[PDB]
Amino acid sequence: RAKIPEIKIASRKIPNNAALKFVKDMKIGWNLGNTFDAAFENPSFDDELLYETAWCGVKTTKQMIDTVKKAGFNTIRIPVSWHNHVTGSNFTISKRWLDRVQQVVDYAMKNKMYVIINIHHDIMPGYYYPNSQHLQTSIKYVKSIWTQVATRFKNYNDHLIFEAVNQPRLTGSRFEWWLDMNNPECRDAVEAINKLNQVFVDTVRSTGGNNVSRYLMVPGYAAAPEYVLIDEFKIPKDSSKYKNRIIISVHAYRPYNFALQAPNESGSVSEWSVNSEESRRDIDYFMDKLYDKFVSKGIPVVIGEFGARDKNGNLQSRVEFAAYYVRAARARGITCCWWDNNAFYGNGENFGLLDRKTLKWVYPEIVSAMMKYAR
């Protein structure tokens, strides 16, 4: 139904070290989106495990993960929102919830896949919130969640990756998605994120076993490329006797007006062309800056989320986008993970690729476009 383009992007020099070989072997990722990350108050149901299906509508199965592996993905990102699953002053995670998350991790481990688990939609005062006012509780939350999760998974091999937090930011604010680094409120949030990323690393390493050397992903503000590129971002100090085990996490649905902006919002575009510098510009730019600051210096970078939402059937554009984005990243030593939220029609964000109920690929052309350039 679509024509996959022949993409010509020269490879950059990629330092030969273990971390960048690891990221290369991850190859390309698929997010189990809108699954364990679903989060909201006042559930109509009694069984907390129904959060798994409240948004995506389909319970995860081993056959589903098998299907994702068979299509060529070698990484599964399993975002998890924990705040609807904790009780008590020290955020005890419900055993049934953590048990179910572990069952799904096991589906992926059986397929010899890389697996990323995180803290996702927990960005609220009283849980994870990056400012001085709420920092003491945020430290307690990061410490408690990651002590519990890291302990459960301590004897999992290095294919399992921990990601500190998804998109740490101030919410319901002009600064939620953009910083003015001359403003003290923004400087404070960047500092809080540095502190909480250090707490995360220290907490994980302290639990022993394979957690002493496992790869760990950390974002900057809002997981934006810009806010790991600022001078104020700090890679946490790592006590691992293995060097270079911290991976920079970024999310980049770029160009925004094509990939993520809703099609009924003024400014949205539905066309993307491999022959247009206007389509390519924003992809090249942030990847170039990340290559300059991190990859070229040997520091690994993973794009944990990208994608392009369907806009009234714009398949050819999304096919060209996906091929270009994956090749641009691979040429710079970076591996990417598509956000697959099992959403295909309606007014929502229609990022789905796999129809989970049938295990059929709705957009195999997009998958094939990525696989052509992922290795």
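Residues carry their position along the shown sequence, with the first being 1.
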Quiz prompt | Greater mean Cα temperature factor according to the PDB record, 237 to 245 or 282 to 290 | solution = 237 to 245
Exercise. Using only the Cα atoms and their B-factors as the entry lists them, report which of 103 to 111 and 246 to 254 averages higher.
Key: 103 to 111
Quiz item: Which has the highest CA B-factor per the PDB entry: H120, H85, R77, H159?
Solution: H85
Quiz item: From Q167, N211, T147, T92, which pick has the Cα B-factor that tops the rest in the entry?
Solution: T92
Self-check item: Position of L20 among the chain's modelled residues by C-alpha B-factor, lowest, middle or highest third
Solution: middle
Exercise. Comparing against every modelled residue in the chain, figure out the third that the C-alpha B-factor of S296 lands in (lowest, middle or highest).
Key: middle
Practice problem: Quick one: classify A308 as lowest, middle or highest third of the chain based on its Cα B-factor. | Solution: lowest
Exercise. Could you say whether, by C-alpha temperature factor, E320 belongs to the lowest, middle or highest third of its chain?
Key: middle
Quiz item: Sorting the chain's CA B-factors, does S266 end up in the lowest, middle or highest third?
Solution: highest
